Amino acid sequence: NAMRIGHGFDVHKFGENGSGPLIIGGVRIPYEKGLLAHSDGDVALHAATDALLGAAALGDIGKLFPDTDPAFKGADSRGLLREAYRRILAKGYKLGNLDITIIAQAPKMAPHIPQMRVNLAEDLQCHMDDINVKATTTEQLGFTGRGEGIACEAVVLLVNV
């Protein structure tokens, strides 16, 4: 039972032309709209969490932190990540590595990726070499391209201890 694979996927619709400014990978990114979600609305962490729990066959964030429950209204996605990893460790697994892809027309994710990596390496208690983050656009096609929300895909490897 040496190694386990996991996959995550999250999308959030953009809000009004208010503020937010969208938080992603625990980083506050200036933008003229934020994302609409029951929680912090951080698609990168949501997708990373789902990957982790999925690898551990623990379901997903829903299965750990009921979406219905008012205790998680606006809750910090970094907190959820951190709890999820505590459970994974409990079960005798440890992060191998993590690869994330943000899918967004705008804003540019590039400048914020180093800090995102810092946050995750901190949260999954590991060296920053086990964390990789990418962005791409869909060349203006589909709802991400039409500019309506952003999406995120994650892929994870867990190692036995």
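Numbers for residues come from their place in the sequence shown, where the first is 1.
Of the two segments, 27-35 and 45-53, the one listed with the higher mean B-factor is 27-35 (C-alpha atoms only).
Taking only CA atoms, the mean B-factor in the PDB entry is higher for 58-66 than for the other of 109-117 and 58-66. Compared with the other modelled residues of the chain, the Cα B-factor recorded for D99 ranks in the lowest third.
Ranked by Cα temperature factor within the chain, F9 sits in the lowest third according to the deposited record. Residue-level temperature factors show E153 in the lowest third of its chain, judged at the C-alpha atom.
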